[PDB]
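Input: a single structure, listed below in structure tokens.
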Amino acid sequence: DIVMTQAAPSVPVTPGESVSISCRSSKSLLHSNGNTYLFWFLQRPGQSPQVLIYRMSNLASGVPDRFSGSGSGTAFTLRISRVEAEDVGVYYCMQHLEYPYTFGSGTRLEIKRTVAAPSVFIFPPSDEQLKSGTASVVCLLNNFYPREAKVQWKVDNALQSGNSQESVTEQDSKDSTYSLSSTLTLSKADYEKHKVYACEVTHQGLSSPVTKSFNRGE
Amino acid sequence: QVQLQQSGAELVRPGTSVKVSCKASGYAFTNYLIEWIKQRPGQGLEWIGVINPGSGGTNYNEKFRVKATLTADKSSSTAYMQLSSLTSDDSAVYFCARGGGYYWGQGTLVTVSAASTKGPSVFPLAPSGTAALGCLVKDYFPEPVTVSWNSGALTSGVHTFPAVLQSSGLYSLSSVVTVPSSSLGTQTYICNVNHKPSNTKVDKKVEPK
């Protein structure tokens, strides 16, 4: 088969600047008809892929003129000029010369915005959930940048281990931030043996960790 | 305007077969090829194969020759992909695309599992000049759950997080929204949760406690 390689799993770009995304093939994609059968696609989160460039260097119908493609037959570059916050997503190359058709592993475009510390919020378990016998304590880290952020749970000031789970959003297409939720799960019986619940957050935008907390029963 | 409409999400048992469809409209179905693509969760694109709906001719990626069968019905402008001997490795989103990749179907999620369907419990994340509130959608199977706010009227400031798979084998997700603190006494906030696999529709009002 033809192996397609994308050397960068991600590339950071400040809005307004240009970016190049590379792809390589293990065989020439040049056909004897003179065309090179290399395609570039964009895939936004939760959506189907969308074509950007066909036959290595041609802009597909309806794609902004800030996108361009070029290449040698075995090495290819997708160039995006004046990168916008909305350009976040994964860019894949694909060869359409020989069966089986094959795709590169994708390059995520990460928008480099100003560093922003998270706005932290803590939510105790609802009384509705407590009636059912379980307690979920939620810590929200909202609209921060960069992606990396650590959340530590403390119960009666004691650091927790093995009982939390985190989920992170995709980079926002307008403001270029991430949000994160951490859930600490205990039984209702164990939740009621402690008074203080806190989430401590570490992030580049904070000079020292931020803690949000509540006392059970307010 | 062209459309490739794919069949809905499928929860299917291991060892069985699943048949997904891709109905074309807005163009002459028999004049263009249909290609099939697999995307494992959080992973890249894998090409399965292609069919010419006019001739019935097919080509398969060797990796899918045993598992996949591509067919097309000219009378209903529908392309079909059947996958056999299903394993958890077949759990993925499958896309159909018109040859060349300008037009694509919306994808069909296939979950291969012997686990039972289970609807979620929805709990409020009550708000404490901006306030955050939300809903915790707990203990459901399979994916997906969708969440809207105020029947779709509230979209700004909403973040619906990816679901997490718990140790129990059940999923959970949270959806949050930030709103002006001044609105908490005058505006009703409702999270509309839909878990189509279990026919669960919950419209939970989230109030300051």
Side-chain angles (χ1 to χ4, degrees), chain A residues 1 4 41 43 46-49 92 94 96 98-103 105-106, chain B residues 3-25 29-30 32-101 103-117 141-144 163 165 169 171 196-198:
Chain A
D1 70 332
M4 300 303 298
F41 290 86
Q43 188 181 29
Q47 300 194 332
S48 305
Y92 291 99
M94 186 192 185
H96 219 267
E98 283 179 19
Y99 297 139
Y101 299 154
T102 48
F103 290 84
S105 52
Chain B
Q3 180 184 102
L4 291 178
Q5 175 66 22
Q6 301 190 231
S7 46
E10 300 271 11
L11 170 57
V12 289
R13 297 185 64 84
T16 74
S17 287
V18 66
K19 187 165 168 186
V20 303
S21 65
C22 174
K23 185 176 46 185
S25 65
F29 178 66
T30 63
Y32 298 89
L33 307 177
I34 291 291
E35 306 186 36
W36 290 91
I37 299 95
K38 177 181 186 180
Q39 181 165 49
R40 295 271 288 148
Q43 301 186 226
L45 302 169
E46 310 169 40
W47 187 83
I48 293 172
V50 58
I51 185 163
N52 180 334
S55 71
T58 53
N59 182 275
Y60 295 87
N61 182 336
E62 155 75 7
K63 301 181 183 166
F64 291 91
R65 172 187 52 82
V66 169
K67 186 163 293 275
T69 308
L70 305 188
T71 62
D73 181 346
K74 305 184 188 186
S75 67
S76 68
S77 305
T78 300
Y80 298 97
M81 174 176 71
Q82 181 174 231
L83 301 167
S84 68
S85 309
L86 299 159
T87 77
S88 62
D89 184 74
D90 302 313
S91 294
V93 171
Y94 293 87
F95 294 98
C96 65
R98 204 177 74 177
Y103 294 112
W104 287 74
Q106 81 282 17
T108 295
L109 176 66
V110 173
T111 298
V112 184
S113 179
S116 290
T117 295
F141 187 87
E143 295 208 71
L165 178 62
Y171 288 90
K196 300 182 184 74
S198 65

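Below, read A as the first sequence line, B as the second, and so on, with proteins coming before strands; counting in each chain starts at 1. The basis for the numbers below is simple: all heavy atoms, side chains too, and nothing from hydrogens, waters or symmetry mates.
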### Query
Quick one: are the ring centres of B:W47 and B:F64 less than 6.0 Å apart?
no
Nearest 0.5 Å, what's the [atom1]-[atom2] distance between [X] and [Y]?
X	Y	atom1	atom2	value
B:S55	B:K74	OG	NZ	7.5 Å
B:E143	B:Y171	CD	OH	4.5 Å
B:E35	B:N59	CD	CG	10.0 Å
B:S91	B:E10	OG	CD	12.0 Å
B:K23	B:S76	NZ	OG	8.5 Å
B:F95	B:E46	CZ	CD	12.0 Å

### Task
Would you sort out whether B:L83 and B:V12 count as a side chain to side chain contact (heavy atoms under 4.5 Å, CB included), showing the intermediate values?
CA-CA 11 Å; B:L83 301 167; B:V12 289; over 6 Å; no
Do [X] and [Y] have side-chain heavy atoms sitting under 4.5 Å apart?
X	Y	value
B:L45	A:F41	no
B:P197	B:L11	no
B:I51	B:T58	yes
A:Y101	B:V50	no
B:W36	B:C22	yes
B:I34	B:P53	yes
B:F29	B:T78	no

To check you understand the geometry: which heavy-atom pair defines the closest contact between [X] and [Y], and what is its length?
X	Y	result
B:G54	B:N52	N-OD1, 3.0 Å
B:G107	B:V93	CA-CG1, 3.8 Å
B:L86	B:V18	CD1-N, 3.8 Å
B:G49	B:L70	C-CD1, 3.7 Å
B:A68	B:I48	CB-CG2, 4.0 Å
B:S113	B:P14	C-CD, 3.6 Å

### Message
A quick test of your reading: do over 12 heavy atoms of other residues, nucleotides or ligands sit less than 6.0 Å from CZ of B:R13?
### Response
no
### Query
Quick check: are there more than 12 heavy atoms from other residues, nucleotides or ligands sitting under 6.0 Å from NZ of B:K63?
no
### Message
Between B:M81 and B:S21, does the side chain to side chain contact (heavy atoms under 4.5 Å, CB included) criterion hold? Intermediate values first, please.
### Response
CA-CA 6 Å; B:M81 174 176 71; B:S21 65; over 6 Å; no
### Task
Check ring-ring contact (aromatic ring centres under 6.0 Å, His included) between A:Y92 and all other residues, then give those that pass, not counting sequence neighbours.
none
### Task
List in chain and number order the residues that pass ring-ring contact (aromatic ring centres under 6.0 Å, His included) with B:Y60, two or more places apart in sequence or in another chain; answer none if no residue qualifies.
none
### Task
Examine distances only and state if a side-chain atom of B:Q106 and a backbone atom of A:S48 form a donor-acceptor pair shorter than 3.5 Å.
no
### Query
What residues form a salt bridge (charged side-chain N to carboxylate O under 4.0 Å, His left out) with B:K38, not counting sequence neighbours?
B:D89
### Query
Any luck finding a side-chain donor-acceptor pair between B:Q6 and B:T108 under 3.5 Å?
yes
#### Entry: side chain to side chain contact (heavy atoms under 4.5 Å, CB included) between A:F103 and A:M4, worked out
CA-CA 6 Å; A:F103 290 84; A:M4 300 303 298; 6.0 Å; no
